[PDB]
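We begin with a single chain expressed as structure tokens, specifically the form deposited in one PDB entry.
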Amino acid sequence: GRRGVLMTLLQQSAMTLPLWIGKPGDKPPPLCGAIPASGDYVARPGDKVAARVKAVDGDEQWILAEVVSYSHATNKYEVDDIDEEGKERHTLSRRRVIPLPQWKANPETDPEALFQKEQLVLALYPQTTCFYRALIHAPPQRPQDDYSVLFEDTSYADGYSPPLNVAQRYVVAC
């Protein structure tokens, strides 16, 4: 069903994210883990993004999406929802598009390319294709590991979810 197709697609993308393998003297590039995009970077068609989209009824979400085009005439992207049920190709300003990392940072070689404990991030919430505010609880220790995060969640008395796992592909700066 659609649920399964979606979750499978998310796994595929998380798992296929290449590990950055430098040699002595190299630094992790832009979009390796937590290293931000260069100033005035523009994502390429096919690249995955978090995209701030307003529904017809006004609800704003950061959704998982893919760049379709960028117009230098208007400085706007087109992006497509990675969910087939999202039938609208969205036009967005650069401020509504955050490139996802193109490399996984290896905690054993480039730990400065990971988010620090208690950093505020946007992270994809389990069983969804959307990003929400969270604090880093634990970084990955090994290249296969997920982040552990605490989502802001007003259904808890302290305002945070328990530790939930999110892959490096799906954690970006807030």
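Sequential numbering from 1, following the sequence displayed.
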Legend entry - Gap at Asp57 across at least one third of the other PDB entries: yes
Inset, instruction - Look over 109-117 and 52-60 in the entry and identify the one with the greater average Cα temperature factor. - result: 52-60
Inset, instruction - Determine, for stretches 72-80 and 99-107, which one has the higher mean CA B-factor as deposited. - result: 72-80
Inset, instruction - Rank-wise, by C-alpha B-factor, drop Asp47 into the lowest, middle or highest third of its chain. - result: middle
Legend entry - For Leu10, the third of its chain into which the C-alpha B factor falls: highest
Legend entry - Record-listed C-alpha B factor of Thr129: chain third: lowest
Legend entry - B-factor third for the C-alpha atom of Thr154 within its chain: highest
Inset, instruction - Using the B-factors in the PDB entry, rank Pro24's C-alpha atom against the chain and give the third, lowest, middle or highest. - result: highest
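There is another form of this protein, the form deposited in another entry, and it is not shown here; the text below is about that form.
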Legend entry - in the other form, shift in Cα separation for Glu66 relative to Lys87, 3 Å or more: closer
